[PDB]
Each structure stands twice: as C-alpha cells, then as structure tokens.
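In structure tokens, the next block holds one chain alone, the form deposited in one PDB entry.
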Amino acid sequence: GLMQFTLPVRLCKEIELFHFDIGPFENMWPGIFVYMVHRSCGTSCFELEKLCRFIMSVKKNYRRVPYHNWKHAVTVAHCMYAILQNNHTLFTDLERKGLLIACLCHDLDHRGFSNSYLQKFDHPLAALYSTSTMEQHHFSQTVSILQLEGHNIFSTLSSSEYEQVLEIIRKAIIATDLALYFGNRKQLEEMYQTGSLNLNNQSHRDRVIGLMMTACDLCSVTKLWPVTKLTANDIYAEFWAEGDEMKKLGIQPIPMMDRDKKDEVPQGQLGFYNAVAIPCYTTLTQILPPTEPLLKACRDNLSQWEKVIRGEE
C-alpha cells in the first residue's frame, strides 16, 4: 500500500511528455505501466499482486511480430496516460481504470495481419467476427485473461461498475479498428463545429474515447523524428510480410504492402499523415485542447517526410 513505483529521474520527467519513448529495456515496461496506473488512477485502483499477474499474462499473449507487439501495447497505454494526465478533471474514476487497461490489451494476440488478410485467407476468426475481426478477438482475449484465477483486477468493483468498465474497454478496443475511425471523426467534427458536442451525453463520450484510442494507437507518428523513422521499418516489415502472403493467395496486394514498391514509402507516409493522422490529432485538439502537442509533433513528422521526398534525407 505504501509501495510506490519510482523511475529514474530522466524517465520520471520524460514519461509525462506525449513524445516519450519507453526505451529498449523490455524488463522496465511493466514497471513503467504500473507507474502510470498509480499516477493516473491511484495506488488503490488495483491490487498490485493481481495487476502484476494481469500485466505478465497480457505480455505473454502478445506475439514476437515486428510492430503489433508488447512494446506497441505499452507505447499506446503511455499516450493514453499523457492524455488522461493533461485532462485531469474530464474523466470518471472508471474511465481512468478502463482506458489504460484497454490500451495495454488493444492488440492482444495480433498475428501481424490486417482484418482484410484474415478475410481473404478465410481465417476462422473472420467467420466468428464479420467486422472488426482482430478487434473483437483482442477484446475476447482481454476477457479470457481477466477470468484467469488471480487475474481479476476489477474484483473490488460492484456488479454494475464491473459491467461499465468491461463496456468502456470493449468500445475502446473496437474503436482501434481504423475503418471505424473515419466516420467517428466526421461525426465528432460536425458535432464540435455545430456546438452540439456534449460530454454528459454517453454516446458523445463514447465517440471522444474512440478518437483518443485512434490517437494513442497511431501515436508512432507523434514521436521525435528518429523514433518515428525507425518505427516506420517495423510497420512496413508487417505490411510487406502481409503483401507476401497476399501473393501466396494469388492476389496483388495494395502497394502499401508490396515490398517491390519500397520506393513509394515517403509518398505513402504523406497520404497517411494528410488522410488520417493530421485530421485525427486536429479534431482531438479541438475537443481536448491540452493534447495539442500530439498535433504539433505529427505536423513536425509530416514536414520530415516532405524533406525525405525532396532528397534532403
């Protein structure tokens, strides 16, 4: 109870910033996550014995794939931490409990393939879940791990609070389906501009949390350039593996996933920043002003990809 997690000074300071990199020492990521829960939620939110056991079962159920791995889980949870800390009073005790856990669990048992590849492969998961295939699986895996003996980190919640938190976590994890992002941002855009957005309306909160989840999930584009650039390699390593698999099914993959079209990556980053990232962080800043640093950092990396195209790097 009187046991706080502390970090080294540089991590203590840098962890509060949106652009924080959790570093290459895997064995520190659990301590980093617990540190964030304790400062975001309270030392009382979770029974430390159960939290630690939940974290290590979650870690175990992430795979050794190049991008959608344990490091991504913790990076995405750190971005959510940054948002919750910079927007203290806007979120319930239950939302702070659910969203950090949601973020850690959001890509559980990811195989490094898109929903599209599961469907064209005719993977069993694509029959069980017709849309947001991987995302419903990630939630299913979260509920599985929550029901392991000793793993129920929400045991102190009432029946109805327990259901509220598993419902926050489910919508939060479904929202990481980037196909659901576009519509969700347009609705939030229209709602903000007409002045109809209302954070006491539960369906409005849901949309806002969904946008945060997109924001944290894409947060690789909000890092300092050398981090963003090096993460790009891991991202394309999955994309190109999937393209390879598409070719094995007899299907020309989209260029994004075709390793024969590496040359076009810088232009592909531009599209993604303009079509997805910038709109995402723009709308998020409108709703949550203190998240502006994510927009600024995103715009900085757009400018850096523009420099790559111009042959200046």
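From 1 onward, residues are counted along the sequence shown. Each form is matched to the other, and the largest set of C-alpha atoms that superpose within 1.5 Å is called the rigid core. Shifts are known only where both forms have a C-alpha.
Another form, the form deposited in another entry, is not on view; read the next lines as being about it.
Just one of the listed positions, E26, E49, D244, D263, moves its Cα by at least 2 Å between the shown form and the other one when the rigid core is held fixed, and it is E26. Once the rigid core is overlaid between the shown form and the other one, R10 counts among the residues whose Cα shifts by 2 Å or more. Taking a Cα shift of 2 Å or more after superposition on the rigid core as the cut-off, the stretches of three or more consecutive residues that move between the shown form and the other one are 1-10, 23-27.
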